[PDB]
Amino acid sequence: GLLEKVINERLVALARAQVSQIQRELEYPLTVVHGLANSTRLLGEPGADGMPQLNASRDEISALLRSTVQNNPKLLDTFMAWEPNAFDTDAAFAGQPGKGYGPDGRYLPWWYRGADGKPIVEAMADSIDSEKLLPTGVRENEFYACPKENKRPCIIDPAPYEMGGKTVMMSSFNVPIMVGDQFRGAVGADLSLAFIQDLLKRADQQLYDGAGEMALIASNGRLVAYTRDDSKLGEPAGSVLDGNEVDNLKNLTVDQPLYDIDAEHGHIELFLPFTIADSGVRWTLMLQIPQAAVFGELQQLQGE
């Protein structure tokens, strides 16, 4: 009993250390966009003279967004959308091109890197009002609708979006721009699934020299990362995982691991539900690892 416990407790600690590393990685975009939101809300917060604390034009705000992309290579992008006439009169900017404005002048910049890496901007006019469901079960405008409805930060499950002519699966990290209790807009950043897959492959290598495999499962059950096969990213976990596993995914409470042994295959399954800063999201790190890679010392002792 006690020996198996001490071995199991090592396994869980090492897995917990990797959850913490993934959390650090996934909390970073939210902290970045929190900063932009805490600066941009000052456009609508009066100071001692009764005028906004920050008197930045739209071009200066976009400069902040562009600087974010330039100086955070791990972020796929940075984007901001204001409510209609949130901080100025949309109609005065309608028809101005190349600045991220909707046709009616709404402020909707999406900044990302062109082919040569230099930041470019697109208006989000097409997606910001779209409530259509993307192929991964995510509402097209969820990155904006979620902060608007909840007035809190939102991390969005994997969804495909077209970026410079290619389809990129990504997850968004979003914070509302609040002036008092008024939702004025939202600012966010995406991480690509390719980036997060690379993170999870690194994490899995730290567990018994990569003897096992890991999966990162979003709140809707779809795969953010899956070290076994890059082709499964964005798929329902139920379409990759064996019945034993997709069952245990429903047996989970945040921060409490679930530990199981698949008898037919002789491996350990470890499920570590976790959350990310103030986003309220519940993702799950799953570890699948052969018993032999973990319990060799027990085996050695029983050999004596």
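Position 1 is the first residue in the sequence shown; the rest follow in order.
Per the PDB record, is the mean Cα temperature factor higher over 60-68 or over 256-264?
Here the higher of the two C-alpha B-factor means belongs to 256-264.
Please compare 223-231 with 75-83 and name the stretch with the higher mean C-alpha B-factor in the deposited structure.
Mean C-alpha B-factor is greater for 223-231.
Given 241, 37, 48, 43, identify the residue with the highest C-alpha B factor in the PDB entry.
Among 241, 37, 48, 43, the PDB entry lists the largest C-alpha B-factor for 241.
In terms of recorded Cα temperature factor, pick the maximum from 31, 275, 53, 251.
So the option with the highest C-alpha B-factor is 251.
Please say which third, lowest, middle or highest, residue 106 falls into when its CA temperature factor is compared across its chain.
For residue 106, whose C-alpha B-factor we compare with every modelled residue in the chain, the answer is the middle third.
Please place residue 200 in the lowest, middle or highest third of its chain according to the CA B-factor in the PDB entry.
For residue 200, whose C-alpha B-factor we compare with every modelled residue in the chain, the answer is the lowest third.
Based on the deposited C-alpha B factors for this chain, I'd like to know if residue 12 is in the lowest, middle or highest third.
According to the entry, residue 12 has a C-alpha B-factor in the chain's lowest third.
Within this chain, which third does the Cα B-factor at residue 22 fall in: lowest, middle or highest?
It belongs to the lowest third of the chain when residues are ordered by C-alpha B-factor.
Should residue 172 be placed in the lowest, middle or highest third of its chain by the C-alpha B factor in the entry?
Its C-alpha B-factor belongs to the lowest third of this chain's values.
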